[PDB]
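Structure file structure.cif; described as mmCIF, N, CA and C atoms.
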data_target
#
loop_
_atom_site.group_PDB
_atom_site.id
_atom_site.type_symbol
_atom_site.label_atom_id
_atom_site.label_comp_id
_atom_site.auth_asym_id
_atom_site.auth_seq_id
_atom_site.Cartn_x
_atom_site.Cartn_y
_atom_site.Cartn_z
ATOM 1 N N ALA D 1 38.546 7.348 -3.507
ATOM 2 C CA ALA D 1 39.526 8.294 -2.912
ATOM 3 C C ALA D 1 38.819 9.391 -2.125
ATOM 4 N N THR D 2 38.078 10.235 -2.834
ATOM 5 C CA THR D 2 37.351 11.331 -2.202
ATOM 6 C C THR D 2 35.940 11.444 -2.767
ATOM 7 N N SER D 3 34.961 11.568 -1.875
ATOM 8 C CA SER D 3 33.566 11.685 -2.285
ATOM 9 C C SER D 3 33.080 13.125 -2.155
ATOM 10 N N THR D 4 32.104 13.489 -2.979
ATOM 11 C CA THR D 4 31.550 14.838 -2.958
ATOM 12 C C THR D 4 30.285 14.892 -2.105
ATOM 13 N N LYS D 5 30.230 15.862 -1.199
ATOM 14 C CA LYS D 5 29.076 16.021 -0.321
ATOM 15 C C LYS D 5 28.422 17.384 -0.521
ATOM 16 N N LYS D 6 27.322 17.403 -1.267
ATOM 17 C CA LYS D 6 26.599 18.643 -1.533
ATOM 18 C C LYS D 6 25.122 18.490 -1.185
ATOM 19 N N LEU D 7 24.541 19.543 -0.617
ATOM 20 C CA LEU D 7 23.132 19.522 -0.235
ATOM 21 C C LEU D 7 22.368 20.663 -0.897
ATOM 22 N N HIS D 8 21.367 20.310 -1.697
ATOM 23 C CA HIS D 8 20.552 21.302 -2.389
ATOM 24 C C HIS D 8 19.152 21.365 -1.789
ATOM 25 N N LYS D 9 18.771 22.544 -1.310
ATOM 26 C CA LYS D 9 17.458 22.735 -0.706
ATOM 27 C C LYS D 9 16.378 22.895 -1.771
ATOM 28 N N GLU D 10 15.509 21.896 -1.875
ATOM 29 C CA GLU D 10 14.422 21.921 -2.847
ATOM 30 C C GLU D 10 13.084 21.646 -2.164
ATOM 31 N N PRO D 11 12.063 22.485 -2.420
ATOM 32 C CA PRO D 11 10.739 22.316 -1.810
ATOM 33 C C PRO D 11 10.154 20.930 -2.057
ATOM 34 N N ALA D 12 9.882 20.214 -0.972
ATOM 35 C CA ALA D 12 9.308 18.875 -1.058
ATOM 36 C C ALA D 12 8.360 18.621 0.109
ATOM 37 N N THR D 13 7.064 18.598 -0.176
ATOM 38 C CA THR D 13 6.063 18.369 0.859
ATOM 39 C C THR D 13 5.149 17.201 0.496
ATOM 40 N N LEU D 14 4.789 16.405 1.499
ATOM 41 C CA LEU D 14 3.915 15.257 1.290
ATOM 42 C C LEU D 14 2.511 15.706 0.895
ATOM 43 N N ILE D 15 1.873 14.941 0.015
ATOM 44 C CA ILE D 15 0.525 15.261 -0.438
ATOM 45 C C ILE D 15 -0.523 14.666 0.497
ATOM 46 N N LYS D 16 -0.173 13.553 1.132
ATOM 47 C CA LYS D 16 -1.077 12.880 2.058
ATOM 48 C C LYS D 16 -0.331 11.819 2.860
ATOM 49 N N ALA D 17 0.134 12.199 4.046
ATOM 50 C CA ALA D 17 0.870 11.281 4.905
ATOM 51 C C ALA D 17 -0.031 10.683 5.979
ATOM 52 N N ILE D 18 -0.224 9.370 5.915
ATOM 53 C CA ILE D 18 -1.059 8.672 6.884
ATOM 54 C C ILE D 18 -0.290 8.407 8.172
ATOM 55 N N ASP D 19 1.020 8.203 8.040
ATOM 56 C CA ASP D 19 1.883 7.940 9.187
ATOM 57 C C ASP D 19 1.574 6.578 9.805
ATOM 58 N N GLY D 20 0.375 6.444 10.362
ATOM 59 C CA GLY D 20 -0.022 5.190 10.976
ATOM 60 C C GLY D 20 0.096 4.011 10.027
ATOM 61 N N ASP D 21 0.061 4.291 8.727
ATOM 62 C CA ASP D 21 0.164 3.243 7.716
ATOM 63 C C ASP D 21 1.357 3.485 6.794
ATOM 64 N N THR D 22 1.196 4.410 5.854
ATOM 65 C CA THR D 22 2.259 4.732 4.909
ATOM 66 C C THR D 22 2.235 6.213 4.541
ATOM 67 N N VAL D 23 3.367 6.715 4.054
ATOM 68 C CA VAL D 23 3.477 8.116 3.664
ATOM 69 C C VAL D 23 4.177 8.261 2.317
ATOM 70 N N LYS D 24 3.793 9.285 1.562
ATOM 71 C CA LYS D 24 4.385 9.533 0.252
ATOM 72 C C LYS D 24 4.760 11.004 0.091
ATOM 73 N N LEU D 25 5.977 11.250 -0.384
ATOM 74 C CA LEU D 25 6.457 12.613 -0.587
ATOM 75 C C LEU D 25 6.324 13.023 -2.051
ATOM 76 N N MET D 26 6.342 14.329 -2.296
ATOM 77 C CA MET D 26 6.230 14.855 -3.652
ATOM 78 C C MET D 26 7.529 15.529 -4.080
ATOM 79 N N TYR D 27 8.383 14.779 -4.770
ATOM 80 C CA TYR D 27 9.661 15.305 -5.234
ATOM 81 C C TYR D 27 9.791 15.178 -6.749
ATOM 82 N N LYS D 28 9.729 16.314 -7.440
ATOM 83 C CA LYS D 28 9.842 16.336 -8.895
ATOM 84 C C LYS D 28 8.827 15.396 -9.540
ATOM 85 N N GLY D 29 7.696 15.201 -8.870
ATOM 86 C CA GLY D 29 6.664 14.326 -9.395
ATOM 87 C C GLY D 29 6.909 12.863 -9.070
ATOM 88 N N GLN D 30 8.045 12.571 -8.442
ATOM 89 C CA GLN D 30 8.386 11.200 -8.080
ATOM 90 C C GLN D 30 7.775 10.826 -6.729
ATOM 91 N N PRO D 31 7.044 9.696 -6.664
ATOM 92 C CA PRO D 31 6.409 9.240 -5.425
ATOM 93 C C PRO D 31 7.402 8.604 -4.458
ATOM 94 N N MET D 32 8.087 9.439 -3.685
ATOM 95 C CA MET D 32 9.062 8.953 -2.714
ATOM 96 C C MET D 32 8.392 8.690 -1.370
ATOM 97 N N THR D 33 8.303 7.417 -0.997
ATOM 98 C CA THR D 33 7.679 7.038 0.264
ATOM 99 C C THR D 33 8.684 7.080 1.410
ATOM 100 N N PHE D 34 8.178 7.266 2.625
ATOM 101 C CA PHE D 34 9.027 7.322 3.807
ATOM 102 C C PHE D 34 8.595 6.278 4.831
ATOM 103 N N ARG D 35 9.280 5.137 4.829
ATOM 104 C CA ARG D 35 8.967 4.051 5.754
ATOM 105 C C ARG D 35 7.607 3.441 5.436
ATOM 106 N N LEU D 36 7.595 2.137 5.177
ATOM 107 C CA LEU D 36 6.361 1.431 4.857
ATOM 108 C C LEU D 36 6.035 0.392 5.926
ATOM 109 N N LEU D 37 4.849 -0.202 5.827
ATOM 110 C CA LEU D 37 4.414 -1.213 6.785
ATOM 111 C C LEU D 37 5.435 -2.344 6.890
ATOM 112 N N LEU D 38 6.247 -2.305 7.943
ATOM 113 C CA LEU D 38 7.265 -3.325 8.162
ATOM 114 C C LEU D 38 6.629 -4.696 8.365
ATOM 115 N N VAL D 39 7.439 -5.661 8.787
ATOM 116 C CA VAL D 39 6.955 -7.016 9.021
ATOM 117 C C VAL D 39 6.006 -7.060 10.215
ATOM 118 N N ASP D 40 5.106 -8.038 10.213
ATOM 119 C CA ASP D 40 4.141 -8.190 11.295
ATOM 120 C C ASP D 40 4.801 -8.796 12.530
ATOM 121 N N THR D 41 4.757 -8.063 13.639
ATOM 122 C CA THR D 41 5.350 -8.529 14.886
ATOM 123 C C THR D 41 4.286 -9.125 15.807
ATOM 124 N N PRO D 42 4.311 -10.455 16.017
ATOM 125 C CA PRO D 42 3.339 -11.133 16.882
ATOM 126 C C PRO D 42 3.506 -10.757 18.350
ATOM 127 N N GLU D 43 4.720 -10.360 18.721
ATOM 128 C CA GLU D 43 5.011 -9.974 20.097
ATOM 129 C C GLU D 43 5.416 -8.506 20.178
ATOM 130 N N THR D 44 4.651 -7.647 19.510
ATOM 131 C CA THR D 44 4.929 -6.216 19.507
ATOM 132 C C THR D 44 3.704 -5.422 19.065
ATOM 133 N N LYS D 45 3.059 -5.887 17.999
ATOM 134 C CA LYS D 45 1.872 -5.222 17.472
ATOM 135 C C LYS D 45 0.778 -5.135 18.531
ATOM 136 N N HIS D 46 0.710 -3.995 19.211
ATOM 137 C CA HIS D 46 -0.291 -3.782 20.250
ATOM 138 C C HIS D 46 -1.354 -2.789 19.784
ATOM 139 N N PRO D 47 -2.610 -2.972 20.229
ATOM 140 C CA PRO D 47 -3.715 -2.087 19.851
ATOM 141 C C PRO D 47 -3.624 -0.722 20.526
ATOM 142 N N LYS D 48 -3.082 -0.704 21.739
ATOM 143 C CA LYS D 48 -2.936 0.536 22.493
ATOM 144 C C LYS D 48 -1.957 1.482 21.802
ATOM 145 N N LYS D 49 -0.744 0.997 21.562
ATOM 146 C CA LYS D 49 0.285 1.799 20.909
ATOM 147 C C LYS D 49 0.129 1.748 19.394
ATOM 148 N N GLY D 50 -0.298 0.599 18.895
ATOM 149 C CA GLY D 50 -0.488 0.421 17.467
ATOM 150 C C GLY D 50 0.817 0.288 16.704
ATOM 151 N N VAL D 51 1.759 1.205 16.933
ATOM 152 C CA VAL D 51 3.043 1.140 16.249
ATOM 153 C C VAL D 51 4.220 1.213 17.225
ATOM 154 N N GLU D 52 4.357 2.336 17.927
ATOM 155 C CA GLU D 52 5.441 2.512 18.879
ATOM 156 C C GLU D 52 4.923 2.727 20.296
ATOM 157 N N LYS D 53 4.241 3.854 20.505
ATOM 158 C CA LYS D 53 3.723 4.191 21.830
ATOM 159 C C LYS D 53 2.204 4.348 21.839
ATOM 160 N N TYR D 54 1.684 5.199 20.959
ATOM 161 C CA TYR D 54 0.244 5.436 20.902
ATOM 162 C C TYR D 54 -0.320 5.187 19.505
ATOM 163 N N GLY D 55 0.523 5.317 18.485
ATOM 164 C CA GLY D 55 0.073 5.097 17.122
ATOM 165 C C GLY D 55 -0.487 6.358 16.482
ATOM 166 N N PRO D 56 -1.819 6.445 16.300
ATOM 167 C CA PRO D 56 -2.458 7.615 15.689
ATOM 168 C C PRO D 56 -1.920 8.936 16.234
ATOM 169 N N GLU D 57 -1.454 8.918 17.480
ATOM 170 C CA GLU D 57 -0.914 10.120 18.108
ATOM 171 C C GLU D 57 0.207 10.712 17.260
ATOM 172 N N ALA D 58 1.341 10.021 17.218
ATOM 173 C CA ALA D 58 2.481 10.480 16.433
ATOM 174 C C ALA D 58 2.064 10.772 14.994
ATOM 175 N N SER D 59 1.028 10.076 14.535
ATOM 176 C CA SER D 59 0.521 10.260 13.181
ATOM 177 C C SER D 59 -0.159 11.617 13.042
ATOM 178 N N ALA D 60 -0.983 11.967 14.025
ATOM 179 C CA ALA D 60 -1.692 13.240 14.015
ATOM 180 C C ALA D 60 -0.716 14.410 14.006
ATOM 181 N N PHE D 61 0.332 14.305 14.817
ATOM 182 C CA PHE D 61 1.344 15.350 14.897
ATOM 183 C C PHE D 61 2.011 15.538 13.542
ATOM 184 N N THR D 62 2.343 14.425 12.898
ATOM 185 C CA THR D 62 2.970 14.459 11.585
ATOM 186 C C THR D 62 1.933 14.779 10.514
ATOM 187 N N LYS D 63 0.678 14.432 10.795
ATOM 188 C CA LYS D 63 -0.415 14.686 9.864
ATOM 189 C C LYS D 63 -0.528 16.179 9.569
ATOM 190 N N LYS D 64 -0.107 16.996 10.531
ATOM 191 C CA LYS D 64 -0.145 18.440 10.379
ATOM 192 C C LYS D 64 1.175 18.930 9.802
ATOM 193 N N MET D 65 2.252 18.228 10.145
ATOM 194 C CA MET D 65 3.581 18.574 9.660
ATOM 195 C C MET D 65 3.661 18.473 8.137
ATOM 196 N N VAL D 66 2.661 17.840 7.525
ATOM 197 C CA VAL D 66 2.636 17.678 6.077
ATOM 198 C C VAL D 66 1.441 18.389 5.449
ATOM 199 N N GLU D 67 0.286 18.290 6.101
ATOM 200 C CA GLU D 67 -0.933 18.916 5.597
ATOM 201 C C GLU D 67 -0.867 20.436 5.710
ATOM 202 N N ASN D 68 -0.870 20.934 6.941
ATOM 203 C CA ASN D 68 -0.818 22.373 7.182
ATOM 204 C C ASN D 68 0.620 22.875 7.173
ATOM 205 N N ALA D 69 1.499 22.144 7.850
ATOM 206 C CA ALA D 69 2.906 22.510 7.920
ATOM 207 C C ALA D 69 3.643 22.068 6.658
ATOM 208 N N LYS D 70 3.212 22.593 5.516
ATOM 209 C CA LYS D 70 3.823 22.253 4.237
ATOM 210 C C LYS D 70 5.060 23.108 3.980
ATOM 211 N N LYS D 71 6.025 23.027 4.888
ATOM 212 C CA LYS D 71 7.260 23.788 4.761
ATOM 213 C C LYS D 71 8.468 22.860 4.756
ATOM 214 N N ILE D 72 8.280 21.655 4.225
ATOM 215 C CA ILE D 72 9.356 20.673 4.163
ATOM 216 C C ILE D 72 10.160 20.811 2.877
ATOM 217 N N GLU D 73 11.433 20.441 2.949
ATOM 218 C CA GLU D 73 12.321 20.516 1.794
ATOM 219 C C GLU D 73 13.336 19.379 1.824
ATOM 220 N N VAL D 74 13.946 19.104 0.677
ATOM 221 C CA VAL D 74 14.936 18.041 0.580
ATOM 222 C C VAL D 74 16.347 18.598 0.723
ATOM 223 N N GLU D 75 16.987 18.293 1.846
ATOM 224 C CA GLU D 75 18.340 18.765 2.107
ATOM 225 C C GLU D 75 19.363 17.662 1.848
ATOM 226 N N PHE D 76 19.581 17.354 0.573
ATOM 227 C CA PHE D 76 20.537 16.320 0.188
ATOM 228 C C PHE D 76 20.641 16.213 -1.329
ATOM 229 N N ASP D 77 21.834 16.477 -1.854
ATOM 230 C CA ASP D 77 22.070 16.411 -3.292
ATOM 231 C C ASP D 77 23.039 15.283 -3.633
ATOM 232 N N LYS D 78 23.020 14.229 -2.825
ATOM 233 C CA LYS D 78 23.900 13.084 -3.040
ATOM 234 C C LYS D 78 23.658 12.461 -4.411
ATOM 235 N N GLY D 79 22.424 12.567 -4.896
ATOM 236 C CA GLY D 79 22.086 12.009 -6.191
ATOM 237 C C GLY D 79 21.418 10.652 -6.080
ATOM 238 N N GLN D 80 21.819 9.880 -5.077
ATOM 239 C CA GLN D 80 21.254 8.552 -4.862
ATOM 240 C C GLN D 80 19.853 8.650 -4.264
ATOM 241 N N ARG D 81 18.892 8.005 -4.914
ATOM 242 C CA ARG D 81 17.510 8.018 -4.448
ATOM 243 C C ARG D 81 17.127 6.675 -3.830
ATOM 244 N N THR D 82 17.834 5.620 -4.223
ATOM 245 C CA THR D 82 17.565 4.285 -3.704
ATOM 246 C C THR D 82 18.866 3.530 -3.451
ATOM 247 N N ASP D 83 18.954 2.899 -2.284
ATOM 248 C CA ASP D 83 20.138 2.133 -1.901
ATOM 249 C C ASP D 83 20.007 1.633 -0.468
ATOM 250 N N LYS D 84 19.394 2.457 0.376
ATOM 251 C CA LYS D 84 19.199 2.115 1.780
ATOM 252 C C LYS D 84 18.005 1.182 1.953
ATOM 253 N N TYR D 85 16.812 1.701 1.677
ATOM 254 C CA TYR D 85 15.587 0.920 1.806
ATOM 255 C C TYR D 85 14.863 0.792 0.463
ATOM 256 N N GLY D 86 15.302 1.559 -0.532
ATOM 257 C CA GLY D 86 14.667 1.507 -1.833
ATOM 258 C C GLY D 86 13.743 2.685 -2.065
ATOM 259 N N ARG D 87 14.186 3.869 -1.633
ATOM 260 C CA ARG D 87 13.406 5.102 -1.770
ATOM 261 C C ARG D 87 12.511 5.310 -0.552
ATOM 262 N N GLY D 88 12.926 4.751 0.582
ATOM 263 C CA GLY D 88 12.156 4.885 1.804
ATOM 264 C C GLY D 88 12.750 5.905 2.761
ATOM 265 N N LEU D 89 13.986 6.319 2.499
ATOM 266 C CA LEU D 89 14.660 7.296 3.347
ATOM 267 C C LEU D 89 14.830 8.625 2.618
ATOM 268 N N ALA D 90 14.196 9.669 3.145
ATOM 269 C CA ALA D 90 14.277 10.994 2.543
ATOM 270 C C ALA D 90 14.341 12.079 3.612
ATOM 271 N N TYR D 91 15.301 12.987 3.470
ATOM 272 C CA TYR D 91 15.469 14.078 4.424
ATOM 273 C C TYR D 91 14.235 14.972 4.451
ATOM 274 N N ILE D 92 13.632 15.105 5.629
ATOM 275 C CA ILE D 92 12.440 15.931 5.789
ATOM 276 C C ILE D 92 12.693 17.083 6.758
ATOM 277 N N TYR D 93 12.655 18.306 6.237
ATOM 278 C CA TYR D 93 12.879 19.493 7.054
ATOM 279 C C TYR D 93 11.678 20.432 6.985
ATOM 280 N N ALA D 94 10.638 20.111 7.749
ATOM 281 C CA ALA D 94 9.426 20.922 7.774
ATOM 282 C C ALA D 94 9.601 22.154 8.654
ATOM 283 N N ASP D 95 9.360 23.323 8.072
ATOM 284 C CA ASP D 95 9.489 24.583 8.794
ATOM 285 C C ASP D 95 10.923 24.787 9.268
ATOM 286 N N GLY D 96 11.872 24.582 8.360
ATOM 287 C CA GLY D 96 13.272 24.742 8.704
ATOM 288 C C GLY D 96 13.687 23.851 9.858
ATOM 289 N N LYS D 97 12.916 22.792 10.095
ATOM 290 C CA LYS D 97 13.209 21.863 11.177
ATOM 291 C C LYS D 97 12.804 20.440 10.803
ATOM 292 N N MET D 98 13.466 19.463 11.413
ATOM 293 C CA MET D 98 13.177 18.059 11.145
ATOM 294 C C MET D 98 11.960 17.593 11.941
ATOM 295 N N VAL D 99 11.214 16.653 11.372
ATOM 296 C CA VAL D 99 10.024 16.121 12.026
ATOM 297 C C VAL D 99 10.356 14.868 12.831
ATOM 298 N N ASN D 100 11.324 14.098 12.344
ATOM 299 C CA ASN D 100 11.740 12.874 13.018
ATOM 300 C C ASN D 100 12.371 13.182 14.373
ATOM 301 N N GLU D 101 12.906 14.391 14.512
ATOM 302 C CA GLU D 101 13.541 14.808 15.756
ATOM 303 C C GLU D 101 12.543 15.491 16.690
ATOM 304 N N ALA D 102 11.425 15.949 16.132
ATOM 305 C CA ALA D 102 10.405 16.627 16.921
ATOM 306 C C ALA D 102 9.807 15.707 17.984
ATOM 307 N N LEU D 103 8.813 14.908 17.596
ATOM 308 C CA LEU D 103 8.163 13.992 18.530
ATOM 309 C C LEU D 103 8.470 12.531 18.204
ATOM 310 N N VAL D 104 8.968 12.276 16.997
ATOM 311 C CA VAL D 104 9.295 10.916 16.583
ATOM 312 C C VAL D 104 10.514 10.391 17.332
ATOM 313 N N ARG D 105 11.397 11.304 17.731
ATOM 314 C CA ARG D 105 12.602 10.932 18.461
ATOM 315 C C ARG D 105 12.264 10.465 19.876
ATOM 316 N N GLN D 106 11.047 10.769 20.326
ATOM 317 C CA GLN D 106 10.608 10.377 21.661
ATOM 318 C C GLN D 106 10.018 8.965 21.666
ATOM 319 N N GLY D 107 10.178 8.246 20.556
ATOM 320 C CA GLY D 107 9.658 6.895 20.466
ATOM 321 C C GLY D 107 8.317 6.833 19.767
ATOM 322 N N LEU D 108 8.132 7.703 18.778
ATOM 323 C CA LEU D 108 6.890 7.756 18.010
ATOM 324 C C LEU D 108 5.669 7.832 18.925
ATOM 325 N N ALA D 109 5.048 9.008 18.953
ATOM 326 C CA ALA D 109 3.858 9.263 19.769
ATOM 327 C C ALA D 109 4.237 9.738 21.168
ATOM 328 N N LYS D 110 4.794 8.835 21.967
ATOM 329 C CA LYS D 110 5.203 9.160 23.330
ATOM 330 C C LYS D 110 4.084 9.876 24.085
#

Go through the file and emit its structure as structure tokens.
Amino acid sequence: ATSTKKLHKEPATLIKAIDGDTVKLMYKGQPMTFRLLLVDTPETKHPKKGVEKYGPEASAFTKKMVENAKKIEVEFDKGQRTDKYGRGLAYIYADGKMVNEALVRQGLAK
């Protein structure tokens, strides 16, 4: 009939995000990963871009968004931790702003 939509801001920053490979968040001690090594694409996996456009590039930008820019938090109190990808989707708001919308929205690296 009616669902409840509440968002609780809780400090959550990655301990070591590789980006180019895999990333892990720190939430209540739970290892919540954000996007893992997808399937191998024979007609996509390029050395130049590596992942989307440049590879390590978008990684370096995010590498700081987690290492130095440790101002990320979890903006979602839905309660569900797994259902979409299995704990691969987590709201990231570093410095009161999203990282996926920063440079990742430009096609990763760009």

Starting from the displayed file, determine the output of the PyMOL selection byres ((chain D and resi 22) around 7) and express the residue list as a PyMOL selection string. chain D and resi 16-21+23-24+33-37

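Reported to one decimal place, the separation of atom C of residue 58 (chain D) from atom C of residue 42 (chain D) is 21.8 Å.
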
So, counting only C-alpha atoms, which residue among D:2, D:13, D:68, D:59 is closest to residue 104 (chain D)?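 The shortest atom-to-atom distance to residue 104 (chain D) comes from D:59.
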
Edge lengths and centre in Å to one decimal, as lines of an AutoDock Vina configuration file, of the axis-aligned box that encloses all listed atoms of region 28-37 of chain D with 5 Å added on every side?
center_x = 7.1
center_y = 7.0
center_z = -1.3
size_x = 15.4
size_y = 28.7
size_z = 26.4

If we count only C-alpha atoms and set the cut-off at 10 Å, which residues sit around residue 5 (chain D), ignoring sequence neighbours fewer than 3 positions away in its own chain? Please answer as a list in words.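 With the cut-off at 10 Å, the set is residues 2, 76, 77, 78 and 79 of chain D.
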
Please report the interatomic distance between atom C of residue 7 (chain D) and atom C of residue 96 (chain D) in Å with one decimal. 14.2 Å

Take atom N of residue 6 (chain D) and CA of residue 75 (chain D) and report the distance between them in Å, one decimal. 9.7 Å

For residue 106 (chain D), please output as a VMD selection string all residues within 12 Å (counting only C-alpha atoms; exclusion window: fewer than 6 positions along the same chain). chain D and resid 52 to 54 58 99 to 100

Just the helix (DSSP H, G or I) stuff from chain D, please, per backbone DSSP, written as JSON, numbers by chain. {"D": [56, 57, 58, 59, 60, 61, 62, 63, 64, 65, 66, 104, 105, 106]}

Please provide as a PyMOL selection string all residues within 12 Å of residue 57 (chain D), with the sequence filter that same-chain residues fewer than 5 positions apart are discarded (counting only C-alpha atoms). chain D and resi 18-20+48-52+62-64+103-104+107-110

The PyMOL selection byres ((chain D and resi 73) around 6) resolved against shown file, as an NGL selection string: :D and (9-13 or 71-72 or 74-75 or 91-94)

Can you pull out every residue from chain D that DSSP, working from the backbone, puts in strand (DSSP E), and format the result as a ChimeraX atom specification? /D:9-11,24-27,30-33,73-75,93-94,97-98

Between D:85, D:95, D:4, D:32, single out the one closest to residue 65 (chain D), counting all atoms listed in the file. D:95

Would you fill the gaps in region 47-63 of chain D so it has N, CA, C and O atoms, then print it as a PDB file, in the frame of the given file?
ATOM      1  N   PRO D  47      -2.610  -2.972  20.229  1.00  0.00           N
ATOM      2  CA  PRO D  47      -3.715  -2.087  19.851  1.00  0.00           C
ATOM      3  C   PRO D  47      -3.624  -0.722  20.526  1.00  0.00           C
ATOM      4  O   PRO D  47      -4.035   0.290  19.960  1.00  0.00           O
ATOM      5  N   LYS D  48      -3.082  -0.704  21.739  1.00  0.00           N
ATOM      6  CA  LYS D  48      -2.936   0.536  22.493  1.00  0.00           C
ATOM      7  C   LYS D  48      -1.957   1.482  21.802  1.00  0.00           C
ATOM      8  O   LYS D  48      -2.295   2.627  21.496  1.00  0.00           O
ATOM      9  N   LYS D  49      -0.744   0.997  21.562  1.00  0.00           N
ATOM     10  CA  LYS D  49       0.285   1.799  20.909  1.00  0.00           C
ATOM     11  C   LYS D  49       0.129   1.748  19.394  1.00  0.00           C
ATOM     12  O   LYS D  49       0.392   2.727  18.696  1.00  0.00           O
ATOM     13  N   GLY D  50      -0.298   0.599  18.895  1.00  0.00           N
ATOM     14  CA  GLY D  50      -0.488   0.421  17.467  1.00  0.00           C
ATOM     15  C   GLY D  50       0.817   0.288  16.704  1.00  0.00           C
ATOM     16  O   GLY D  50       0.979  -0.643  15.915  1.00  0.00           O
ATOM     17  N   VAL D  51       1.759   1.205  16.933  1.00  0.00           N
ATOM     18  CA  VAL D  51       3.043   1.140  16.249  1.00  0.00           C
ATOM     19  C   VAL D  51       4.220   1.213  17.225  1.00  0.00           C
ATOM     20  O   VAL D  51       4.995   0.263  17.339  1.00  0.00           O
ATOM     21  N   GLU D  52       4.357   2.336  17.927  1.00  0.00           N
ATOM     22  CA  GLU D  52       5.441   2.512  18.879  1.00  0.00           C
ATOM     23  C   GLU D  52       4.923   2.727  20.296  1.00  0.00           C
ATOM     24  O   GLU D  52       5.158   1.910  21.185  1.00  0.00           O
ATOM     25  N   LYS D  53       4.241   3.854  20.505  1.00  0.00           N
ATOM     26  CA  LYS D  53       3.723   4.191  21.830  1.00  0.00           C
ATOM     27  C   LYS D  53       2.204   4.348  21.839  1.00  0.00           C
ATOM     28  O   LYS D  53       1.518   3.725  22.647  1.00  0.00           O
ATOM     29  N   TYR D  54       1.684   5.199  20.959  1.00  0.00           N
ATOM     30  CA  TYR D  54       0.244   5.436  20.902  1.00  0.00           C
ATOM     31  C   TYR D  54      -0.320   5.187  19.505  1.00  0.00           C
ATOM     32  O   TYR D  54      -1.502   4.879  19.356  1.00  0.00           O
ATOM     33  N   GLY D  55       0.523   5.317  18.485  1.00  0.00           N
ATOM     34  CA  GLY D  55       0.073   5.097  17.122  1.00  0.00           C
ATOM     35  C   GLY D  55      -0.487   6.358  16.482  1.00  0.00           C
ATOM     36  O   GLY D  55       0.271   7.266  16.142  1.00  0.00           O
ATOM     37  N   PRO D  56      -1.819   6.445  16.300  1.00  0.00           N
ATOM     38  CA  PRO D  56      -2.458   7.615  15.689  1.00  0.00           C
ATOM     39  C   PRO D  56      -1.920   8.936  16.234  1.00  0.00           C
ATOM     40  O   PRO D  56      -1.924   9.951  15.537  1.00  0.00           O
ATOM     41  N   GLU D  57      -1.454   8.918  17.480  1.00  0.00           N
ATOM     42  CA  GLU D  57      -0.914  10.120  18.108  1.00  0.00           C
ATOM     43  C   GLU D  57       0.207  10.712  17.260  1.00  0.00           C
ATOM     44  O   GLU D  57       0.042  11.768  16.650  1.00  0.00           O
ATOM     45  N   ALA D  58       1.341  10.021  17.218  1.00  0.00           N
ATOM     46  CA  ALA D  58       2.481  10.480  16.433  1.00  0.00           C
ATOM     47  C   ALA D  58       2.064  10.772  14.994  1.00  0.00           C
ATOM     48  O   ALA D  58       2.663  11.610  14.319  1.00  0.00           O
ATOM     49  N   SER D  59       1.028  10.076  14.535  1.00  0.00           N
ATOM     50  CA  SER D  59       0.521  10.260  13.181  1.00  0.00           C
ATOM     51  C   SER D  59      -0.159  11.617  13.042  1.00  0.00           C
ATOM     52  O   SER D  59       0.059  12.332  12.066  1.00  0.00           O
ATOM     53  N   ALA D  60      -0.983  11.967  14.025  1.00  0.00           N
ATOM     54  CA  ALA D  60      -1.692  13.240  14.015  1.00  0.00           C
ATOM     55  C   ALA D  60      -0.716  14.410  14.006  1.00  0.00           C
ATOM     56  O   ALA D  60      -0.903  15.383  13.277  1.00  0.00           O
ATOM     57  N   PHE D  61       0.332  14.305  14.817  1.00  0.00           N
ATOM     58  CA  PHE D  61       1.344  15.350  14.897  1.00  0.00           C
ATOM     59  C   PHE D  61       2.011  15.538  13.542  1.00  0.00           C
ATOM     60  O   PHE D  61       2.207  16.664  13.083  1.00  0.00           O
ATOM     61  N   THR D  62       2.343  14.425  12.898  1.00  0.00           N
ATOM     62  CA  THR D  62       2.970  14.459  11.585  1.00  0.00           C
ATOM     63  C   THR D  62       1.933  14.779  10.514  1.00  0.00           C
ATOM     64  O   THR D  62       2.259  15.331   9.463  1.00  0.00           O
ATOM     65  N   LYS D  63       0.678  14.432  10.795  1.00  0.00           N
ATOM     66  CA  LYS D  63      -0.415  14.686   9.864  1.00  0.00           C
ATOM     67  C   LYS D  63      -0.528  16.179   9.569  1.00  0.00           C
ATOM     68  O   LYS D  63      -0.972  16.578   8.493  1.00  0.00           O
TER      69      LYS D  63
END
